[PDB]
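**Student:** Questions regarding the structure given below will be posed in turn.
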Amino acid sequence: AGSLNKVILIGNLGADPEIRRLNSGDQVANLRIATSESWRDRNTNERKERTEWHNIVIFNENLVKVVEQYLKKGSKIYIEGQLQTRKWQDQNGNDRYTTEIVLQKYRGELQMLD
Amino acid sequence: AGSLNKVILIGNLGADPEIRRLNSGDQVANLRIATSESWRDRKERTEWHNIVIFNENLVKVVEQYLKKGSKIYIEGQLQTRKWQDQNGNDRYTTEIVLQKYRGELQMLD
């Protein structure tokens with residue numbers, strides 16, 4: 001292969017995890033995680049700050065059960081996944097893209113940091 | 001802080017890099033990088049990543065060395081920006097961003 005696709009986040013859940021059971025019986029967790037930053041603007045010397053929101057999708061059964069058991073709004077976690085951008089079509093036939101951090105079955109890491 | 005936003009990729013440029021001078025006078029590089037994964041049930045899936053580099057020392061590396069096909073390692077941060085389409089509707093685009101003075105890039109060929 002000769003490639004690597006790895007996202008590592010440490011952040012806080014913006015809301016309680018969303019756990020759904022797909023028609024197949026498979027569980028999936030969706031999380032929304034906040035990461036943030038501060039810095040001096042180099043030209044204005046103003047102090048700046050920016051929060052980034054990340055959509056996490058977890059298919060790994062072990063980690064779903066961890067999320068299910070332990071995670072709530074405000075929980076701080078470490079997570080490792082892969083970036084996947086899915087392509088879809090809205091009502092108008094227009095192509096749309098959604099980028100997610102995906103923890104596939106047998107992959108990914110989640111550590112509770114609280 | 002108590003937070004971290006880090007993406008690490010190794011992959012190949014899917015096109016020659018794009019280098020531009022913004023109105024501030026700063027330079028920016030846009031690259032597009034493929035990573036891939038194989039599996040059976042033999043299938044391949046290529047993931048395309050859109051990289052924006054504001055770090056001017058790393059823009060110079062892109063300019064002086066990188067071309068279509070080049071294999072690189074890059075460390076950056078995920079940023080999702082908002083924009084409006086032709087009909088005024090909100091849309092979103094997620095990019096791996098290397099801000100001024102941040103990020104890493106190593107040529108691997």
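In the structure tokens, chains take the letters A, B, ... in the order shown, each chain's residues start at 1, and ligands count up from 1 in the order shown.
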Could you list, as a list in words, the residues of chain B having an atom within 7 Å of chain A when counting only C-alpha atoms?
**Tutor:**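 That gives the following set of residues: residues 1, 3, 4, 5, 6, 7, 8, 9, 10, 11, 35, 36, 47, 79 and 94 of chain B.
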**Student:** Store the residues of this selection in a file with N, CA, C and O atoms, as a PDB file, in the first residue's frame.
**Tutor:**
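Output file again.pdb follows:
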```
ATOM      1  N   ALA B   1      -5.982  24.365  27.462  1.00  0.00           N
ATOM      2  CA  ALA B   1      -6.351  23.647  26.197  1.00  0.00           C
ATOM      3  C   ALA B   1      -7.020  22.321  26.577  1.00  0.00           C
ATOM      4  O   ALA B   1      -8.263  22.230  26.595  1.00  0.00           O
ATOM      5  N   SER B   3      -6.728  19.877  24.641  1.00  0.00           N
ATOM      6  CA  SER B   3      -7.200  19.348  23.352  1.00  0.00           C
ATOM      7  C   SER B   3      -6.120  19.251  22.310  1.00  0.00           C
ATOM      8  O   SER B   3      -5.094  19.902  22.401  1.00  0.00           O
ATOM      9  N   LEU B   4      -6.425  18.442  21.295  1.00  0.00           N
ATOM     10  CA  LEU B   4      -5.515  18.033  20.261  1.00  0.00           C
ATOM     11  C   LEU B   4      -6.274  17.742  18.959  1.00  0.00           C
ATOM     12  O   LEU B   4      -7.247  17.013  18.947  1.00  0.00           O
ATOM     13  N   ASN B   5      -5.774  18.300  17.862  1.00  0.00           N
ATOM     14  CA  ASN B   5      -6.360  18.141  16.565  1.00  0.00           C
ATOM     15  C   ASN B   5      -5.199  17.866  15.602  1.00  0.00           C
ATOM     16  O   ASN B   5      -4.503  18.793  15.133  1.00  0.00           O
ATOM     17  N   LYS B   6      -4.980  16.599  15.284  1.00  0.00           N
ATOM     18  CA  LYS B   6      -3.811  16.207  14.514  1.00  0.00           C
ATOM     19  C   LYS B   6      -4.202  15.179  13.502  1.00  0.00           C
ATOM     20  O   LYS B   6      -4.796  14.198  13.859  1.00  0.00           O
ATOM     21  N   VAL B   7      -3.856  15.412  12.241  1.00  0.00           N
ATOM     22  CA  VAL B   7      -3.986  14.426  11.176  1.00  0.00           C
ATOM     23  C   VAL B   7      -2.586  14.098  10.669  1.00  0.00           C
ATOM     24  O   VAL B   7      -1.749  14.996  10.434  1.00  0.00           O
ATOM     25  N   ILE B   8      -2.325  12.815  10.489  1.00  0.00           N
ATOM     26  CA  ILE B   8      -1.093  12.325   9.920  1.00  0.00           C
ATOM     27  C   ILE B   8      -1.451  11.500   8.678  1.00  0.00           C
ATOM     28  O   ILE B   8      -2.220  10.521   8.777  1.00  0.00           O
ATOM     29  N   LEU B   9      -0.880  11.878   7.537  1.00  0.00           N
ATOM     30  CA  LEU B   9      -1.040  11.154   6.295  1.00  0.00           C
ATOM     31  C   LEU B   9       0.295  10.838   5.660  1.00  0.00           C
ATOM     32  O   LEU B   9       1.277  11.603   5.790  1.00  0.00           O
ATOM     33  N   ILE B  10       0.328   9.664   5.025  1.00  0.00           N
ATOM     34  CA  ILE B  10       1.330   9.318   4.049  1.00  0.00           C
ATOM     35  C   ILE B  10       0.575   8.946   2.776  1.00  0.00           C
ATOM     36  O   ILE B  10      -0.278   8.071   2.789  1.00  0.00           O
ATOM     37  N   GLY B  11       0.890   9.608   1.670  1.00  0.00           N
ATOM     38  CA  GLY B  11       0.236   9.320   0.403  1.00  0.00           C
ATOM     39  C   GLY B  11       0.890  10.044  -0.772  1.00  0.00           C
ATOM     40  O   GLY B  11       1.930  10.705  -0.604  1.00  0.00           O
ATOM     41  N   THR B  35      -4.727   8.246  -0.153  1.00  0.00           N
ATOM     42  CA  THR B  35      -4.333   7.139   0.689  1.00  0.00           C
ATOM     43  C   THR B  35      -5.255   5.984   0.339  1.00  0.00           C
ATOM     44  O   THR B  35      -6.363   6.204  -0.186  1.00  0.00           O
ATOM     45  N   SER B  36      -4.833   4.758   0.566  1.00  0.00           N
ATOM     46  CA  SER B  36      -5.668   3.662   0.132  1.00  0.00           C
ATOM     47  C   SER B  36      -5.698   2.539   1.132  1.00  0.00           C
ATOM     48  O   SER B  36      -4.811   2.389   1.965  1.00  0.00           O
ATOM     49  N   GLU B  47      -8.918   7.111  -0.676  1.00  0.00           N
ATOM     50  CA  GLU B  47      -9.411   8.287  -0.010  1.00  0.00           C
ATOM     51  C   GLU B  47      -8.582   9.469  -0.511  1.00  0.00           C
ATOM     52  O   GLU B  47      -7.371   9.390  -0.586  1.00  0.00           O
ATOM     53  N   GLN B  79      -9.747  21.261   9.602  1.00  0.00           N
ATOM     54  CA  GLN B  79     -10.598  22.449   9.657  1.00  0.00           C
ATOM     55  C   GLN B  79     -11.765  22.352   8.667  1.00  0.00           C
ATOM     56  O   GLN B  79     -11.558  22.053   7.507  1.00  0.00           O
ATOM     57  N   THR B  94     -14.153  20.117   4.552  1.00  0.00           N
ATOM     58  CA  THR B  94     -13.123  19.737   5.512  1.00  0.00           C
ATOM     59  C   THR B  94     -11.781  19.534   4.806  1.00  0.00           C
ATOM     60  O   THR B  94     -11.698  18.794   3.815  1.00  0.00           O
TER      61      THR B  94
END
```
**Student:** If we count only C-alpha atoms and set the cut-off at 12 Å, which residues sit around residue 39 (chain A), ignoring sequence neighbours fewer than 2 positions away in its own chain? Please answer as a VMD selection string.
**Tutor:** (chain A and resid 36 to 37 41 to 50) or (chain B and resid 1 99 to 102)
**Student:** Filtering to N, CA and C atoms, could you give me those residues as a PDB file, in the first residue's frame?
**Tutor:**
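selection29.pdb, freshly written:
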```pdb
ATOM      1  N   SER A  36      -9.972  22.917  20.430  1.00  0.00           N
ATOM      2  CA  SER A  36      -9.765  24.331  20.294  1.00  0.00           C
ATOM      3  C   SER A  36      -8.329  24.775  20.531  1.00  0.00           C
ATOM      4  N   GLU A  37      -8.083  26.021  20.154  1.00  0.00           N
ATOM      5  CA  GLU A  37      -6.767  26.592  19.929  1.00  0.00           C
ATOM      6  C   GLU A  37      -6.820  28.068  20.338  1.00  0.00           C
ATOM      7  N   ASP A  41      -2.487  36.916  16.795  1.00  0.00           N
ATOM      8  CA  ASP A  41      -2.357  37.317  15.402  1.00  0.00           C
ATOM      9  C   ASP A  41      -1.009  38.027  15.195  1.00  0.00           C
ATOM     10  N   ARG A  42      -0.181  37.516  14.290  1.00  0.00           N
ATOM     11  CA  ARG A  42       1.160  38.082  14.004  1.00  0.00           C
ATOM     12  C   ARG A  42       1.215  39.537  13.547  1.00  0.00           C
ATOM     13  N   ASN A  43       0.142  40.010  12.948  1.00  0.00           N
ATOM     14  CA  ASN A  43       0.127  41.366  12.467  1.00  0.00           C
ATOM     15  C   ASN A  43      -0.563  42.318  13.407  1.00  0.00           C
ATOM     16  N   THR A  44      -1.697  41.929  13.977  1.00  0.00           N
ATOM     17  CA  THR A  44      -2.477  42.843  14.831  1.00  0.00           C
ATOM     18  C   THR A  44      -2.097  42.719  16.325  1.00  0.00           C
ATOM     19  N   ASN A  45      -1.412  41.630  16.670  1.00  0.00           N
ATOM     20  CA  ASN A  45      -1.156  41.282  18.067  1.00  0.00           C
ATOM     21  C   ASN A  45      -2.411  40.964  18.905  1.00  0.00           C
ATOM     22  N   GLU A  46      -3.566  40.859  18.252  1.00  0.00           N
ATOM     23  CA  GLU A  46      -4.813  40.425  18.903  1.00  0.00           C
ATOM     24  C   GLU A  46      -4.739  38.984  19.338  1.00  0.00           C
ATOM     25  N   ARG A  47      -5.342  38.691  20.482  1.00  0.00           N
ATOM     26  CA  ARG A  47      -5.386  37.332  20.965  1.00  0.00           C
ATOM     27  C   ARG A  47      -6.588  36.629  20.314  1.00  0.00           C
ATOM     28  N   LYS A  48      -6.337  35.517  19.610  1.00  0.00           N
ATOM     29  CA  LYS A  48      -7.401  34.779  18.898  1.00  0.00           C
ATOM     30  C   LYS A  48      -7.549  33.366  19.412  1.00  0.00           C
ATOM     31  N   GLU A  49      -8.699  32.785  19.093  1.00  0.00           N
ATOM     32  CA  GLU A  49      -9.153  31.503  19.647  1.00  0.00           C
ATOM     33  C   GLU A  49     -10.164  30.949  18.635  1.00  0.00           C
ATOM     34  N   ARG A  50     -10.127  29.634  18.408  1.00  0.00           N
ATOM     35  CA  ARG A  50     -10.982  28.983  17.428  1.00  0.00           C
ATOM     36  C   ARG A  50     -11.272  27.549  17.877  1.00  0.00           C
TER      37      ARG A  50
ATOM     38  N   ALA B   1      -5.982  24.365  27.462  1.00  0.00           N
ATOM     39  CA  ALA B   1      -6.351  23.647  26.197  1.00  0.00           C
ATOM     40  C   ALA B   1      -7.020  22.321  26.577  1.00  0.00           C
ATOM     41  N   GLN B  99      -1.149  25.493   9.346  1.00  0.00           N
ATOM     42  CA  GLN B  99      -1.192  26.934   9.598  1.00  0.00           C
ATOM     43  C   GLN B  99       0.219  27.521   9.566  1.00  0.00           C
ATOM     44  N   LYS B 100       0.304  28.844   9.575  1.00  0.00           N
ATOM     45  CA  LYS B 100       1.607  29.503   9.630  1.00  0.00           C
ATOM     46  C   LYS B 100       2.387  28.922  10.802  1.00  0.00           C
ATOM     47  N   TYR B 101       3.672  28.695  10.624  1.00  0.00           N
ATOM     48  CA  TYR B 101       4.532  28.147  11.708  1.00  0.00           C
ATOM     49  C   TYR B 101       4.127  26.783  12.300  1.00  0.00           C
ATOM     50  N   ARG B 102       3.169  26.066  11.715  1.00  0.00           N
ATOM     51  CA  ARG B 102       2.758  24.750  12.244  1.00  0.00           C
ATOM     52  C   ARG B 102       2.776  23.699  11.142  1.00  0.00           C
TER      53      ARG B 102
END
```
**Student:** Just asking: which residues within chain B are strand (DSSP E) according to DSSP, as a PyMOL selection string?
**Tutor:** chain B and resi 4-13+18-21+27-39+43-53+71-84+90-98+104-107
**Student:** Which residue gives the smallest distance to residue 93 (chain B) among B:50, B:65, B:23, B:16, with only C-alpha atoms counted?
**Tutor:** B:50
**Student:** Quick one: everything within 8 Å of residue 104 (chain B), counting only C-alpha atoms, minus sequence neighbours fewer than 3 positions away in the same chain. Send it as a PyMOL selection string.
**Tutor:** chain B and resi 58+73-76+98
**Student:** Looking at B:12, B:80, B:46, B:95, which one is nearest to residue 30 (chain B), with distances taken over only C-alpha atoms?
**Tutor:**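 Closest candidate: B:95.
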**Student:** Mind the document's chain letters and residue numbers, and return as number ranges by chain the residues of chain B that DSSP labels alpha helix (DSSP H).
**Tutor:** B: 56-65
**Student:** Limited to N, CA and C atoms, could you put the picked residues into a file as a PDB file, in the first residue's frame?
**Tutor:**
```pdb
ATOM      1  N   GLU B  56       4.804  29.018   5.413  1.00  0.00           N
ATOM      2  CA  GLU B  56       5.554  29.437   4.241  1.00  0.00           C
ATOM      3  C   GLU B  56       6.846  28.677   3.996  1.00  0.00           C
ATOM      4  N   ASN B  57       7.489  28.197   5.055  1.00  0.00           N
ATOM      5  CA  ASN B  57       8.625  27.323   4.879  1.00  0.00           C
ATOM      6  C   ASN B  57       8.185  26.041   4.195  1.00  0.00           C
ATOM      7  N   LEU B  58       6.983  25.556   4.450  1.00  0.00           N
ATOM      8  CA  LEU B  58       6.576  24.277   3.820  1.00  0.00           C
ATOM      9  C   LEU B  58       6.010  24.502   2.409  1.00  0.00           C
ATOM     10  N   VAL B  59       5.455  25.702   2.143  1.00  0.00           N
ATOM     11  CA  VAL B  59       5.066  26.075   0.807  1.00  0.00           C
ATOM     12  C   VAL B  59       6.290  26.036  -0.084  1.00  0.00           C
ATOM     13  N   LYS B  60       7.442  26.512   0.413  1.00  0.00           N
ATOM     14  CA  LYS B  60       8.675  26.533  -0.395  1.00  0.00           C
ATOM     15  C   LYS B  60       9.091  25.116  -0.729  1.00  0.00           C
ATOM     16  N   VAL B  61       8.932  24.165   0.188  1.00  0.00           N
ATOM     17  CA  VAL B  61       9.228  22.757  -0.112  1.00  0.00           C
ATOM     18  C   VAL B  61       8.330  22.239  -1.234  1.00  0.00           C
ATOM     19  N   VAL B  62       7.041  22.554  -1.188  1.00  0.00           N
ATOM     20  CA  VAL B  62       6.104  22.133  -2.223  1.00  0.00           C
ATOM     21  C   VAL B  62       6.529  22.697  -3.587  1.00  0.00           C
ATOM     22  N   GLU B  63       6.824  23.991  -3.622  1.00  0.00           N
ATOM     23  CA  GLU B  63       7.289  24.673  -4.833  1.00  0.00           C
ATOM     24  C   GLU B  63       8.528  24.080  -5.455  1.00  0.00           C
ATOM     25  N   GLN B  64       9.528  23.828  -4.611  1.00  0.00           N
ATOM     26  CA  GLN B  64      10.868  23.463  -5.074  1.00  0.00           C
ATOM     27  C   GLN B  64      11.010  21.979  -5.358  1.00  0.00           C
ATOM     28  N   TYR B  65      10.202  21.146  -4.699  1.00  0.00           N
ATOM     29  CA  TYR B  65      10.328  19.702  -4.821  1.00  0.00           C
ATOM     30  C   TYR B  65       9.110  18.895  -5.238  1.00  0.00           C
TER      31      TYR B  65
END
```
**Student:** Give me, as JSON, numbers by chain, all polymer residues having an atom no more than 10 Å from residue 57 (chain A), counting only C-alpha atoms and skipping those fewer than 5 positions away in the same chain.
**Tutor:** {"A": [18, 28, 29, 30, 31, 32, 64, 81, 82, 84, 100, 101, 102, 103, 104]}
**Student:** Keeping N, CA and C atoms for every residue in the selection just given, could you write it to a file as a short mmCIF file (atom, residue, chain, number, x, y, z; two decimals), in the first residue's frame?
**Tutor:**
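Ended up saving to out.cif:
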```
data_model
loop_
_atom_site.label_atom_id
_atom_site.label_comp_id
_atom_site.auth_asym_id
_atom_site.auth_seq_id
_atom_site.Cartn_x
_atom_site.Cartn_y
_atom_site.Cartn_z
N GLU A 18 -24.74 9.53 20.45
CA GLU A 18 -25.91 9.02 19.80
C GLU A 18 -25.61 7.58 19.37
N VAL A 28 -24.01 1.57 16.08
CA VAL A 28 -23.08 2.59 15.65
C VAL A 28 -23.19 3.74 16.63
N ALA A 29 -22.05 4.31 17.01
CA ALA A 29 -22.04 5.51 17.82
C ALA A 29 -21.64 6.68 16.95
N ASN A 30 -22.38 7.78 17.08
CA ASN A 30 -22.00 9.07 16.50
C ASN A 30 -21.68 10.03 17.65
N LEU A 31 -20.50 10.63 17.59
CA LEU A 31 -20.08 11.63 18.56
C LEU A 31 -19.77 12.91 17.83
N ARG A 32 -19.85 14.01 18.56
CA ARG A 32 -19.42 15.30 18.07
C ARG A 32 -18.47 15.83 19.14
N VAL A 64 -17.98 1.08 20.85
CA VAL A 64 -19.37 1.48 21.01
C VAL A 64 -19.83 1.22 22.45
N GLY A 81 -8.74 7.61 14.67
CA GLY A 81 -9.50 7.03 13.60
C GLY A 81 -8.89 7.35 12.23
N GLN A 82 -9.71 7.14 11.21
CA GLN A 82 -9.36 7.44 9.83
C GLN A 82 -10.35 8.43 9.28
N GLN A 84 -12.71 9.72 6.42
CA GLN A 84 -13.50 9.24 5.28
C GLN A 84 -14.52 10.29 4.89
N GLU A 100 -15.91 12.53 7.77
CA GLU A 100 -16.06 11.99 9.12
C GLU A 100 -14.82 11.29 9.57
N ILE A 101 -14.64 11.21 10.88
CA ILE A 101 -13.56 10.43 11.48
C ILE A 101 -14.17 9.10 11.86
N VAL A 102 -13.72 8.03 11.20
CA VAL A 102 -14.40 6.76 11.29
C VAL A 102 -13.49 5.76 12.02
N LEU A 103 -14.06 5.04 12.97
CA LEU A 103 -13.39 3.98 13.66
C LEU A 103 -14.08 2.69 13.20
N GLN A 104 -13.39 1.98 12.32
CA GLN A 104 -14.00 0.83 11.69
C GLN A 104 -13.96 -0.35 12.64
#
```
**Student:** Find the residues around residue 107 (chain B) up to 7 Å (only C-alpha atoms counted), leave out those fewer than 2 positions away in its own chain, and share them as a PDB file with N, CA and C atoms, in the first residue's frame.
**Tutor:**
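Contents of around.pdb, freshly written:
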```
ATOM      1  N   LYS B  71       5.452  11.016  -3.168  1.00  0.00           N
ATOM      2  CA  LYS B  71       4.990  10.474  -1.918  1.00  0.00           C
ATOM      3  C   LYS B  71       5.426  11.382  -0.777  1.00  0.00           C
ATOM      4  N   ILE B  72       4.471  11.750   0.074  1.00  0.00           N
ATOM      5  CA  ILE B  72       4.790  12.587   1.237  1.00  0.00           C
ATOM      6  C   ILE B  72       4.170  12.112   2.510  1.00  0.00           C
ATOM      7  N   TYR B  73       4.780  12.559   3.605  1.00  0.00           N
ATOM      8  CA  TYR B  73       4.226  12.527   4.930  1.00  0.00           C
ATOM      9  C   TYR B  73       3.844  13.960   5.259  1.00  0.00           C
ATOM     10  N   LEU B 105       5.937  18.337   6.970  1.00  0.00           N
ATOM     11  CA  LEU B 105       5.888  17.760   5.634  1.00  0.00           C
ATOM     12  C   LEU B 105       7.295  17.238   5.334  1.00  0.00           C
ATOM     13  N   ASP B 109      10.258  10.183  -1.314  1.00  0.00           N
ATOM     14  CA  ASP B 109      10.748   9.465  -2.505  1.00  0.00           C
ATOM     15  C   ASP B 109      12.255   9.200  -2.493  1.00  0.00           C
TER      16      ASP B 109
END
```
**Student:** So which residues touch residue 26 (chain B) within 10 Å, counting only C-alpha atoms, skipping near sequence neighbours fewer than 4 positions away, as a PDB file with C-alpha atoms, in the first residue's frame?
**Tutor:**
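Result file around07.pdb:
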```
ATOM      1  CA  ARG B  20      -0.839  30.994  -5.027  1.00  0.00           C
ATOM      2  CA  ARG B  21      -0.124  34.383  -3.528  1.00  0.00           C
ATOM      3  CA  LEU B  22      -3.007  35.645  -1.424  1.00  0.00           C
ATOM      4  CA  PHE B  54      -0.079  28.371   4.973  1.00  0.00           C
ATOM      5  CA  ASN B  55       3.271  27.547   6.586  1.00  0.00           C
ATOM      6  CA  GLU B  56       5.554  29.437   4.241  1.00  0.00           C
ATOM      7  CA  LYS B 100       1.607  29.503   9.630  1.00  0.00           C
TER       8      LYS B 100
END
```
**Student:** What is the CA of residue 110 (chain A) to CA of residue 69 (chain A) distance in Å?
**Tutor:** 12.8 Å
**Student:** Quote the spacing between CA of residue 68 (chain B) and CA of residue 52 (chain B) in Å to one decimal place.
**Tutor:**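 Separating CA of residue 68 (chain B) from CA of residue 52 (chain B) is a distance of 15.9 Å.
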**Student:** Take CA of residue 20 (chain A) and CA of residue 91 (chain A) and report the distance between them in Å, one decimal.
**Tutor:**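 Computing the Euclidean distance for CA of residue 20 (chain A) and CA of residue 91 (chain A) yields 24.4 Å.
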**Student:** With only C-alpha atoms as the atoms that count, which of B:24, B:103, B:31, B:92 lies nearest to residue 67 (chain B)?
**Tutor:**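 When distances to residue 67 (chain B) are compared using only C-alpha atoms, the smallest one comes from B:31.
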